[PDB]
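The form deposited in one PDB entry is given below as one chain in structure tokens.
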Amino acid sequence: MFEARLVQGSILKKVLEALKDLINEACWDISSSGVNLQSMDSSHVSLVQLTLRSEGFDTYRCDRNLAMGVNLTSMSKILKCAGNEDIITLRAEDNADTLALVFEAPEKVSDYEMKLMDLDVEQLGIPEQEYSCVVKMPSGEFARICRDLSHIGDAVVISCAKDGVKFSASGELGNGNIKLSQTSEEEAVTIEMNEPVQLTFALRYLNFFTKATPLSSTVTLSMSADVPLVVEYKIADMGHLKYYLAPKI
């Protein structure tokens, strides 16, 4: 039997609002380590990988590993019913077709029973890598940039070097160029660059990733030449949420 308790209800609320629009259905693998989820969007152009460490929960129990086929859109509606101060409890039975979420007002206790589903999932083997460039910057800055360049073009040419990073777009009105410089804690831009990289990515997908902004004050972009981009949001003392984006050409 599985039963995890999260005193910070918001974390799970935000995690779901950050995913629901990019991925509709996904498998939630529960194990003693914690909650894990890997899923590609419909077009397979992007991948998400969530990791909520058991140590991040006040209470966590998992007798047997569970793989629950979940409809993120339905779970999103259910979590919308929680308050940002509610203590969220997750409880599931080994032979169960449902997931039970319990919201405790910080004398109001809500209890939902979400129906699960069957899912013909496809997961990928992503080995540990060390990227040519790793930018750490404020998630707010990242979200503003992506959104702004959207009014200019469809793709963004991210150029990373040791001095700073540059995002550019081009369209039928002209072009745009946003240059960030390394800063001399949450308002800093640092670059662990080994080799310069310049990649082209679809802004449409990046603006989905940025919905994970409320999860962290900072975001880190890992770019290696000819590989998918990794935009990671560290959920404070829980784990993280990563979004991979297939490069163009």
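Shifts are known only where both forms have a C-alpha. All residue numbers refer to positions in the sequence shown, first residue = 1. In this text, rigid core is short for the largest set of C-alphas that superpose within 1.5 Å between two forms.
The following text describes the form deposited in another entry, which does not appear among the structures shown.
Chemist: Pick from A100, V121, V157, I78: whose Cα moves by 2 Å or more between the shown form and the other one, rigid core superposed?
Modeler: With the rigid core superposed, the residue that stands out is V121.
Chemist: Having a change of 3 Å or more in the C-alpha distance between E122 and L199, I'd like to know whether it is closer or farther in the other form than in the form here.
Modeler: They are farther apart; the C-alpha distance rises by 3 Å or more in the other form.
Chemist: With the rigid core held as the fitting reference, name the runs of three or more adjacent residues whose C-alpha atoms all move by 2 angstroms or more between the shown form and the other one.
Modeler: Listed in sequence order, the moving runs between the shown form and the other one are 120 to 124, 127 to 130.
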